[PDB]
Amino acid sequence: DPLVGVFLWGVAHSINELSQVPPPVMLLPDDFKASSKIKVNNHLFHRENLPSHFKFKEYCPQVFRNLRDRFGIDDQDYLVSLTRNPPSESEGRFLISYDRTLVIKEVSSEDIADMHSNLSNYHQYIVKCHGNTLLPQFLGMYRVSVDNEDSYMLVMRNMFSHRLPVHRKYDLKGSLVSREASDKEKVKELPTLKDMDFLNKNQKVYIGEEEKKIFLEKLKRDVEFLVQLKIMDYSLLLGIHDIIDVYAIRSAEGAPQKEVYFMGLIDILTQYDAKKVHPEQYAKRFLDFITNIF
Amino acid sequence: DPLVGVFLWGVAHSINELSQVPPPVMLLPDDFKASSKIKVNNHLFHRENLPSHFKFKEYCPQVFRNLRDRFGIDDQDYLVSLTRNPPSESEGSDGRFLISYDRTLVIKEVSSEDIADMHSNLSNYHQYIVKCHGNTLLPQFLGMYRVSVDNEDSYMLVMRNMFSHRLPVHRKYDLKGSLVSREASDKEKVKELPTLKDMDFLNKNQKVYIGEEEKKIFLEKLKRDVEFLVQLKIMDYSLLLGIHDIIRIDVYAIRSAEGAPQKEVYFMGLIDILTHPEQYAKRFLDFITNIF
Ligand SMILES: CC(C)c1ccccc1-c1nc(NCc2ccccn2)c2c(ccn2C)n1
Ligand SMILES: CC(C)c1ccccc1-c1nc(NCc2ccccn2)c2c(ccn2C)n1
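- The PDB entry annotates chain B as Phosphatidylinositol 5-phosphate 4-kinase type-2 gamma originating from Homo sapiens.
- Per its UniProt entry, chain B bears the Subunit comment "Interacts with PIP5K1A; the interaction inhibits PIP5K1A kinase activity."

- Chain A is annotated in the PDB entry as Phosphatidylinositol 5-phosphate 4-kinase type-2 gamma of Homo sapiens.
- The annotation that UniProt attaches to chain A under Subunit is "Interacts with PIP5K1A; the interaction inhibits PIP5K1A kinase activity."

**As for the overall build of chain A**
Okay, step 1: The helix and strand tally for chain A stands at 8 helices and 12 strands.
Okay, step 2: Against the compact-globule benchmark of 19 Å for 294 residues, chain A has a radius of gyration of 20 Å, which places it among compact chains.
Okay, step 3: The principal-axis extents of the C-alpha atoms in chain A amount to approximately 65 × 45 × 40 Å.

**A short note on the interface of chain A and chain B**
Okay, step 1: With 24 residues of chain A at the interface, the matching set in chain B holds 25 residues.
Okay, step 2: Note on chain A versus chain B: buried area summed over both sides is about 2,100 Å², and carbon and sulfur give 55% of it.
Okay, step 3: Our count for the chain A to chain B interface comes out at 1 salt bridge.
Okay, step 4: Across the contact surface, chain A and chain B share 11 residue pairs in polar contact.

**Regarding the sheet that holds strand β9 (residues 192-194) of chain A**
Residue and element names in this part refer to chain A.
Okay, step 1: Ordered in space as β9-β8-β10-β12-β11, the 5 strands form an open sheet in which the pairing is mixed. Strands with a single pairing partner mark the edges of an open sheet, and in this sheet they are β9 and β11 (248-250). Strand-to-strand twist across the sheet, computed as the mean angle between neighbouring axes with direction ignored, equals 25°.
Okay, step 2: Where strand β10 (residues 235-242) lies against strand β12 (residues 259-266), 8 bridges are found, and the strand directions are antiparallel. Following the sheet pairing, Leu238 is matched in β12 by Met263.
Okay, step 3: Contacts from helix α7 (residues 209-228) reach β10, β11 and β12, with the element oriented near 15° to β12.
Okay, step 4: Docked against the sheet, helix α8 (residues 279-291) engages β8 (168-172), β10 and β12, running at close to 15° with respect to β10.

**Some thoughts on the site of ligand 1**
Residues and elements named next belong to chain A.
Okay, step 1: Near ligand 1, the surroundings consist of 16 residues, among which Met115, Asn118, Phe138, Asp267 and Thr270 are the closest.
Okay, step 2: One of the side-chain nitrogen or oxygen atoms of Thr270 is found 2.8 Å away from a nitrogen atom of ligand 1.
Okay, step 3: Only α4 (109-129), α7 and β12 provide two or more residues apiece to the shell around ligand 1.
Okay, step 4: For the shell around ligand 1, the leading source of residues is α4, giving 5 residues.
Okay, step 5: Looking at the shell around ligand 1 residue by residue, the classes come out as 12 nonpolar, 2 polar and 2 charged.
Okay, step 6: For the shell around ligand 1, the domains that each give at least three residues are domain 1 (2-157) and domain 2 (168-291).

**As for the layout of surface pockets**
Okay, step 1: Empty space within the second largest pocket amounts to approximately 720 Å³.
Okay, step 2: Lining the second largest pocket are 29 residues, and of these A:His46, B:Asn16, B:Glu17, B:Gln20 and B:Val21 sit closest to its centre.
Okay, step 3: Among the elements of the structure, α1 (2-20) of chain A together with α1 (2-20) of chain B are those that each provide at least two residues to the lining of the second largest pocket.
Okay, step 4: A per-element tally of the lining of the second largest pocket places α1(A) first, with 8 residues.
Okay, step 5: Class assignment of the residues belonging to the lining of the second largest pocket gives a composition of 13 nonpolar, 11 polar and 5 charged.

**Re the packing of aromatic side chains**
Okay, step 1: Taken as a whole and judged by the stated rule, the model has 22 aromatic pairs over all chains.
Okay, step 2: Here the aromatic rings of B:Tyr237 and B:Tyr280 are separated by 5.0 Å at their centres, their planes lie at 55°, and the arrangement is tilted. B:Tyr280 carries the same exposure label as B:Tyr237, and that label is buried.
Okay, step 3: Directly above the ring of A:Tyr78 sits A:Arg68, whose terminal nitrogen or CZ lies 4.7 Å from the centroid.
Okay, step 4: Sitting above the plane of the B:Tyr280 ring, B:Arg283 keeps its charged end 5.5 Å from the centroid.

**Re the side chain of B:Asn161**
All names here are of chain B.
Okay, step 1: Of note, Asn161 is situated in the loop between β7 (152-160) and β8 (171-175).
Okay, step 2: A residue is classified by how much of its surface remains accessible, and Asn161, at 9% relative accessible area, is buried.
Okay, step 3: At 3.1 Å, the side chain of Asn161 forms a polar contact with the backbone oxygen of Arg103.
Okay, step 4: Other than its neighbours up to four places away in sequence, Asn161 contacts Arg103, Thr104, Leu105, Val106 and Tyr252.

**Thoughts on the site of ligand 2**
Residue and element names in this part refer to chain B.
Okay, step 1: Surveying the vicinity of ligand 2 reveals 13 residues, the closest of which are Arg160, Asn161, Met162, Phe163 and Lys172.
Okay, step 2: Within the side chain of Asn161, one N or O atom sits 3.2 Å away from a nitrogen atom of ligand 2.
Okay, step 3: Within the backbone of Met162, a nitrogen or oxygen atom sits 2.9 Å from a nitrogen atom of ligand 2.
Okay, step 4: Within the complex, the protein chains bury 92% of what would otherwise be the 550 Å² of accessible surface of ligand 2.
Okay, step 5: Where the shell around ligand 2 is concerned, the elements lending two or more residues are β4 (97-99) and β7.
Okay, step 6: Of the residues contributing to the shell around ligand 2, the split by class is 6 nonpolar, 5 polar and 2 charged.
Okay, step 7: Among the domains, domain 1 (2-160) and domain 2 (171-289) are the pair contributing at least three residues each to the shell around ligand 2.

**Structural notes on unusual backbone geometry**
Okay, step 1: One non-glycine residue with positive phi stands out, namely A:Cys60, at about 45°.
Okay, step 2: Residue A:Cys60 is classed as buried on the basis of its relative accessible area, which comes to 0%.
Okay, step 3: In this model, B:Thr275 sits at a positive phi of 100°, which is unusual for a non-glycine residue.
Okay, step 4: Within the secondary structure, B:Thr275 sits in the loop between β12 (264-271) and α9 (277-289).
Okay, step 5: Residue B:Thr275 is classed as partly exposed on the basis of its relative accessible area of 31%.

**Observations concerning the packing of α1(B) against helix α3 (residues 75-84) of chain B**
Residue and element names in this part refer to chain B.
Okay, step 1: At their nearest, the axes of α1 and α3 sit 10 Å apart, and the two run at 165° to each other. Taken together, α1 and α3 sit at an angle that is classed as roughly antiparallel. Two packed elements cross with a definite hand, and for α1 against α3 that hand is left-handed. Residues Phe7, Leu8, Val11, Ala12, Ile15 and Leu18 of α1 form the contact with α3, whose participating residues are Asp75, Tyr78, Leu79, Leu82 and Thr83.
Okay, step 2: Looking at the contact of α1 with α3, its residues break down into 9 nonpolar, 1 polar and 1 charged.

**Some points on the pairing of strand β6 (residues 138-146) of chain A**
Residue and element names in this part refer to chain A.
Okay, step 1: β6 sits mainly inside the fold: 9 of its 9 residues count as buried.
Okay, step 2: The sheet contact formed by β6 and strand β7 (residues 149-157) spans 8 bridges and is antiparallel. Note that in β7 the partner of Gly140 across the bridge is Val155.
Okay, step 3: Taking the residues that link successive antiparallel strands as the turn, the β6-β7 hairpin has 2 residues, and the phi of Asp147 there is positive, at about 50°.

Reading the values: rules and limits
- Residues numbered from 1 in each chain as written, not as in the entry; some residues may be left out.
- Chains lettered and ligands numbered in written order.
- Heavy atoms only, no water.
- Residues with missing side-chain atoms left out of burial classes, pairs and counts.
- UniProt positions renumbered as here; feature names shortened; annotations may be inferred.
- Helix = DSSP H or I, 4+ residues; strand = E, 2+ residues; numbered from the N terminus.
- Rg over C-alpha atoms; globule rule 2.2 N^0.38 Å.
- Contact = heavy atoms within 4.5 Å.
- Buried area = accessible area lost by both parts, 1.4 Å probe.
- Salt bridge = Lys/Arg side-chain N within 4 Å of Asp/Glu carboxyl O.
- Polar contact = N/O pair within 3.5 Å; in protein donor to acceptor, adjacent residues only side chain to side chain.
- Pairing = 2+ DSSP bridges.
- Axes fitted to C-alpha atoms, helices over the stretch in contact; angles between N-to-C directions.
- Near = heavy atom within 4 Å.
- Nonpolar A, V, L, I, M, F, W, Y, C, P; charged D, E, K, R; others polar.
- Domains from an automatic or database assignment.
- 1 Å grid on protein atoms, 1.4 Å probe; cavity = no way out; pocket = protein on both sides within 12 Å on 5 of 7 lines; lining within 4 Å.
- Points joined across faces, edges and corners; volume = space filled by probe spheres on them.
- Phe/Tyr/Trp six-rings, centres within 6.5 Å; stacked < 30°, edge-to-face > 60°.
- Buried < 20%, exposed > 50% of the residue type's maximum accessible area, 1.4 Å probe, protein only.
- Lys NZ or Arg CZ within 6 Å of the ring centre and 35° of its normal.
- Areas by Shrake-Rupley, 256 points an atom, 1.4 Å probe, with all protein chains shown as cover.
- Parallel < 35°, antiparallel > 145°, perpendicular 65-115°, else oblique.
- Left-handed = near helix turned anticlockwise from the far one by under 90°.

In structure tokens form, the structure reads like this:
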């Protein structure tokens, strides 16, 4: 595909540019309004793999580089992960690094515009909690272009594992209205189940009091932050593996199952799928709901 | 300097793109109309070394890559030579003129009008080079670029150095064999290594002593080189002649004969070039055949 080829070229190009720049000690207001653009135009050359006209734009290169650092990702390992072997495509557009450490989700221009408003607060928040959050870990944000058709790509750390594959998968909002996976959905090998499917299966999460106190104190301040930003309609992604992964929690010793849990916050924007009441209230309902999965 | 920074960035960038492409076995007519352009534009990012706005264009990437190959230059060694260390500047050309740190390459700024002319003859030049197996007194063109910094485009042209990477030139002549007197000005002769001309050559009574075998070869080369320049309707070219007195790769170099009055090394090749002419050639050949 052209869009992926240009994307992988652009990542390689931008990481190389950044190796020349030394990392600042401190970000500045302008670093969050910054970009790097490249317009390439090969006439009667290179016919292989890339198109002859394309653009590539990295949003806030200094901020994303600092976020990669703060989430313990090295710029060379980031490049290796996205380019050394091609990413796989999952069901817009939604790709996983060969090594299954990273996720690349196509988004809309209006999504990029939303991301820009809160990137500064997000950065402050990340510094303040030392990269330790259930929120998505944003690693980079790009606009690849092919003949005046722009496509916005957004890279996040995978909330799921590089090794242990997910057997069951839930999107939990704690809605008053029925949240049920449709029949169309349940024909998939690993379908995205919802609130009602969770309650009907009588699913519980068994992790132990120490681990749970930590997880819920994390979720509380993550959610308080989302309220602060006047954001809502987020879900807890919950993946379960029946028998470095920053979102993973082992089953307690007492547990009725040898299980590993993967939990983090998501959105229509940040969902692990292709692109398709007051916020203080949404939070309280949401927290009640997900406090009762243990 | 911005222009050199962008130039060296572009060379590195263009050689890297070419490492992805495998070299064709055969060029096509389109390879000689081809180009690679890049416009970079960083808003609020990294006002350091490169500017935030610039373009870079490589003319005929496939053709210059084939020419580098045909003149026995490896694309990696070419990149190493232009970028590993910064080039030095000389001030004897009508624009910028740089020498690779390793003194194997020369980078001469030219004009848009020059580039337009030189483009039309690159195909015939390529034919000619294949036909003579890279072995010519003409410049060995290795690459051809347009770096742009603000509104201001500057066309750069890379050639193998006709002079040496080791043995430095002590004396230096530009010979046309003009009807008018060609004389170095007084301003000039104050320089450490001045560019002397026809009349200065004749007055100093300079001769070139190389031996009849080596001279027959050199003159048969110059004849077909010059016949080619006529074919291209080109004139106002000079023979560059540099001399190393033995008091202290090089494809243009010839050692003094045994019988010679001096242990000297000569560097000769054609310059101010790839674009009445029948006349210019005859005068030019007569003149330079009489330097031996
Ligand atoms: C806090 C949020 C992660 C974020 C980080 C950086 C910069 C901006 C944002 C953002 N994220 C959106 N959604 C994604 C989302 C929301 C909640 C949980 C998980 N993922 C947003 C907005 C504004 C409207 N929407 C829909 N801002
Ligand atoms: C065109 C050049 C400006 C020039 C004009 C008149 C007379 C001489 C020269 C000259 N030619 C050098 N190189 C040999 C060379 C030149 C061109 C192509 C290939 N090779 C020079 C310098 C200074 C250092 N070098 C190495 N000047």
